[PDB]
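The chain below stands alone and is given as structure tokens, in the form deposited in one PDB entry.
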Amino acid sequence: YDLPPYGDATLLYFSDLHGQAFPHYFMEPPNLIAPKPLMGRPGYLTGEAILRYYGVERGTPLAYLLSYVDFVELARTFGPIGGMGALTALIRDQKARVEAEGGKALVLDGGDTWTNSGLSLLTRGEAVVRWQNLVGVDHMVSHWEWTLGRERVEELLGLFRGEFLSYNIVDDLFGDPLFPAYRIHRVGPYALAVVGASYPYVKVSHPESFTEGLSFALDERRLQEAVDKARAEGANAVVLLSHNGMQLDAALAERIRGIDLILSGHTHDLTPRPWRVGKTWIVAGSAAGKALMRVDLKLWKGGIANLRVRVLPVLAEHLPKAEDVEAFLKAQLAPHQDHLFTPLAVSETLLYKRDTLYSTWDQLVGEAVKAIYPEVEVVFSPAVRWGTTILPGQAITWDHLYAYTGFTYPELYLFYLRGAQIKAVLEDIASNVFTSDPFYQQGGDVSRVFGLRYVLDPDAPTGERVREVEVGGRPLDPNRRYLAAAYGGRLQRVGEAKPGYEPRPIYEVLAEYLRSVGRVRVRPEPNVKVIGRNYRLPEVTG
């Protein structure tokens, strides 16, 4: 944390906090499978390879943040990551140092901040905004924020003291932008523009009602125009605070002229060294409060001459307390502490969420659903990248359940699907996740389907990526009707609702199951064989 001065301006960047108020554990994915053309790129590095790529020594605090390798042991060594208190303390420490050097600091939030946590659900996002205000966030962009609905977002923007930016959120009839595209900040004799981009796929990714009247479409012309306008106004350097997803950002760096640095959210990536694409540097925003990225820039009349990037681990056991934040969280959650923090069950093994294809947490959810609804044959779990990690011997609480399943639309649906639909769903998802054109990458993973097994060839043509599907030990029958369960998506829209079943929040089902069993012990049993790749698993004990 004790860095020497560098450059003219400092960006203190974090993204995809997902309302995570408290220190917790968050392991990186064991697999980030890519079609051959995208292999070895930032955003597709895991395990030992990511450590080698960045020259990070095994067993270090950065290694703990960066890879699943040695996870449990390193979690027991360095402690939990994140927490709004610790993140605040770190941001304040860095901002103070910068200002004492005569430098200039900006606090930039990449979005996916307001939602998906106990604190968020209990306050419809308000407490998270109040926290941003305590820290002093200068700008933010968005994605999951919209799951609170337009009206609530508008209310919260009234409360937010920073300036929300987005070049791409426009009225869906007239096309007039609804927010400022960028803000220019003076940096000594220089000027630095921060341009914002919100996720372009909000409409198809969440309930339609949440964004009625709005368009978020990626618009290269409008983005180029914003960049050009900022420079015409005198901006020497341009930074894009983005929620596009890092691969789409990389594609944009080869298409848009004049973007010097992109701060990439959405994909929850980590980039200890910036990724050079075209004439642009790219730095990812990580997630769940794991890290604060410090980017020091040396500017020149026409852009960024050089930069220093440092991933600062947010390790609560190694940072001072932000007393005002601690007090605020206590006041906000005191009335809900018994609910949020009482143990529901103990997990005997590592429960993780992130992976291209499979996770122990998602398997637990599949087992819970099947235990309560034995008629269900396949359980489709949403492959979101937000969540948390439960260590062996650790108690699972309601706060964890909200971290894993805290959608504002948490309903579990039971419906019938024909066999052909099951296969088609996986193939369609595979076509998106494994497209080789980063311009079309959406930044998501593959739905986890408990109750079935399949073979995946990421490099096969569309229509041939998913094969040898089996349900309950038998080959998939295309004309057979199977009872499916799903939450966090739209799959139920193409099925036949189970008569007599009333959809209810997935977290209620999970709490019922966990209270009943008392202890869980999910062993990693991946249900997918991947052609052309070694499918990796972390060590789940220790």
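Start at 1 with the first residue shown and count on from there. Only residues modelled in both forms are compared. Rigid core: the largest C-alpha set superposing within 1.5 Å between the two forms.
Heads up, the form deposited in another entry isn't pictured, but that's what we're talking about next.
Checking 416, 300, 439, 179 for C-alpha shifts of 2 Å or more between this form and the one not shown, after the rigid core is superposed, gives a single hit: 439. Here's the thing about residue 40 and residue 442: their CA atoms end up at least 3 Å closer in that other deposited form than they are in this form.
After superposition on the rigid core, only one stretch of three or more consecutive residues whose Cα atoms move by at least 2 Å between this form and the one not shown is found, at 436-444.
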